**Student:** 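This is the structure, below, for whatever I ask next.
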Amino acid sequence: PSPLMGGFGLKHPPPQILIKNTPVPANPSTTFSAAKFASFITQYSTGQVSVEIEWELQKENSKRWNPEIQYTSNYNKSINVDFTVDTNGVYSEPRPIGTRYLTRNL
Amino acid sequence: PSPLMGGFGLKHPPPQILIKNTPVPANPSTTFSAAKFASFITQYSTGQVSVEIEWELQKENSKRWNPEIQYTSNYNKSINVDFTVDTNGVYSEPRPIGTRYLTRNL
Amino acid sequence: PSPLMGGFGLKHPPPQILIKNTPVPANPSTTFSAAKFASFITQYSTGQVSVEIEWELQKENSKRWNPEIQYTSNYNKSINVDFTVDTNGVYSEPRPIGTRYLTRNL
């Protein structure tokens with residue numbers, strides 16, 4: 001049960017966190033009406049969210065002699081630096097980065 | 001006093017280790033001669049040498065966002081692998097490798 | 001490593017203190033949009049800042065007989081007093097003041 005899109009299969013994954021604004025009714029009628037409220041004060045919410053994850057690492061213990069392939073930035077000059085913002089302050093991710101750079105014997 | 005060729009300047013560097021074969025005189029004359037010995041048994045020595053050095057590391061503590069330049073092997077196919085032996089078993093070092101790949105602010 | 005512009009060279013100088021206003025998003029769309037927020041409530045902040053520095057003094061211990069040069073205000077009358085505000089309440093510093101007025105032997 002490893003996900004086909006990639007990742008860790010969890011029988012009990014991190015739970016869904018559901019958030020919504022409590023409806024605030026607008027001005028009601030002075031006469032009682034059994035119809036459910038359909039007029040509300042327009043509102044939204046803003047705030048900060050923090051996620052902290054602890055990860056366990058499996059340290060490489062290779063005994064190969066020659067150097068390995070490593071992910072690296074390209075030294076040549078460029079208009080924009082990779083994984084930074086441009087003159088519009090727009091953050092971009094130039095390429096997908098996997099994890100399989102070190103080598104291990106079968 | 002940093003060496004100009006590169007490295008660590010030491011007022012008391014690792015001492016020189018001097019080794020030589022003890023001269024074994026060849027067959028002497030049965031009559032005493034005050035002349036110093038000039039005939040010796042031809043000989044050499046072979047053995048194993050072990051050097052173990054402990055190095056202290058200064059761990060990188062960078063806060064840059066985008067990836068850094070790292071030394072890496074080239075993925076493209078080649079006749080010979082870098083820093084290995086060839087079909088003659090001759091070890092070669094294809095290029096000089098420095099140490100200055102990570103970055104730190106001034 | 002004394003700064004060429006003048007002052008004290010510090011390997012660990014007083015740290016930079018960074019302050020910014022937390023962005024408060026404006027009214028969002030009732031339909032989900034994956035585009036990052038570009039509309040915010042215009043706002044600024046005001047407040048008070050306090051800096052307290054303790055300085056150590058090296059007391060003069062001279063044995064010269066005749067009086068020394070000292071920095072002084074000029075007694076003659078003037079339209080404006082030095083290092084005060086003018087009729088517009090604008091504070092000005094009329095001249096640069098150094099620190100080298102007392103004398104010591106070589």
Side-chain angles (χ1 to χ4, degrees), chain A residues 73 75 77 81 84-85, chain B residues 1-18 51-66 68-70 96-106, chain C residues 1-22 43-106:
Chain A
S73 288
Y75 176 61
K77 65 186 185 180
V81 184
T84 71
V85 296
Chain B
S2 167
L4 290 180
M5 268 179 312
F8 305 91
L10 298 165
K11 257 145 123 183
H12 306 101
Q16 298 179 114
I17 311 150
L18 295 320
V51 193
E52 161 188 304
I53 303 190
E54 183 187 278
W55 311 79
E56 180 165 29
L57 304 184
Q58 188 177 80
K59 214 50 95 196
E60 156 259 312
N61 181 32
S62 186
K63 210 104 181 64
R64 78 178 290 171
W65 180 261
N66 67 310
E68 299 234 51
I69 307 179
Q70 313 261 251
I97 316 180
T99 67
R100 293 178 165 142
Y101 290 96
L102 297 176
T103 60
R104 99 166 317 130
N105 293 128
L106 260 171
Chain C
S2 167
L4 290 180
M5 268 179 312
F8 305 91
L10 298 165
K11 257 145 123 183
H12 306 101
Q16 298 179 114
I17 311 150
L18 295 320
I19 183 170
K20 84 155 190 159
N21 300 316
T22 304
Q43 72 182 16
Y44 70 97
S45 62
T46 182
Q48 271 77 56
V49 63
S50 287
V51 193
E52 161 188 304
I53 303 190
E54 183 187 278
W55 311 79
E56 180 165 29
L57 304 184
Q58 188 177 80
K59 214 50 95 196
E60 156 259 312
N61 181 32
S62 186
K63 210 104 181 64
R64 78 178 290 171
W65 180 261
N66 67 310
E68 299 234 51
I69 307 179
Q70 313 261 251
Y71 179 79
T72 171
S73 288
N74 291 302
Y75 176 61
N76 287 321
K77 65 185 185 181
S78 53
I79 294 202
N80 294 114
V81 184
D82 284 333
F83 297 93
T84 71
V85 296
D86 67 344
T87 62
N88 318 301
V90 179
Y91 182 78
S92 62
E93 294 170 305
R95 69 195 60 82
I97 316 180
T99 67
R100 293 178 165 142
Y101 290 96
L102 297 176
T103 60
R104 99 166 317 130
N105 293 128
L106 260 171

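Residue numbering restarts at 1 for every chain, and letters A, B, ... go by the order of the sequence lines.
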**Student:** Step through the shown structure and confirm whether more than 12 heavy atoms of other residues, nucleotides or ligands are within 6.0 Å of CG on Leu10(B).
**Tutor:** yes
**Student:** Does atom CD1 of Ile19(C) have more than 12 heavy-atom neighbours from other groups under 6.0 Å away?
**Tutor:** no
**Student:** Which atom names give the shortest non-hydrogen contact between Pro94(C) and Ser92(C), and what distance separates them?
**Tutor:** CD-O, 3.7 Å
**Student:** Which atom pair, heavy atoms only, marks the closest approach of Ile97(C) to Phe83(C)?
**Tutor:** CD1-CZ, 3.5 Å
**Student:** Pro3(B) and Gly9(B): which non-hydrogen atoms are nearest, and at how many Å?
**Tutor:** CD-N, 3.3 Å
**Student:** Does a sphere of radius 6.0 Å around CG in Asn61(B) hold more than 12 heavy atoms from other residues, nucleotides or ligands, not counting ones at 6.0 Å or beyond?
**Tutor:** no
**Student:** Closest approach of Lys59(B) and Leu57(B), non-hydrogen atoms and distance?
**Tutor:** NZ-CD1, 3.6 Å
**Student:** Hey, can you pull the donor-acceptor pairs under 3.5 Å for the side chains in residues 99-106 of chain C, sequence neighbours left out?
**Tutor:**
residue   : atom : partner  : partner atom : Å
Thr103(C) : OG1  : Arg64(C) : NH1          : 2.9
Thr103(C) : OG1  : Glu68(C) : OE1          : 2.6

**Student:** How would you list all residue pairs meeting side chain to side chain donor-acceptor pair (under 3.5 Å) that involve residues 79-91 of chain C, not counting sequence neighbours?
**Tutor:** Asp82(C)-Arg95(C), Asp86(C)-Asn88(C)
**Student:** Just checking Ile69(C): does its CD1 atom have more than 12 heavy atoms from other residues, nucleotides or ligands closer to it than 6.0 angstrom?
**Tutor:** no
**Student:** Taking all non-hydrogen atoms of both residues into account, name the closest pair between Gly7(C) and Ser2(C) and its distance.
**Tutor:** O-OG, 3.9 Å
**Student:** For atom OH of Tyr71(C), decide whether the heavy atoms of other residues, nucleotides or ligands shown that lie under 6.0 angstrom number more than 12.
**Tutor:** yes
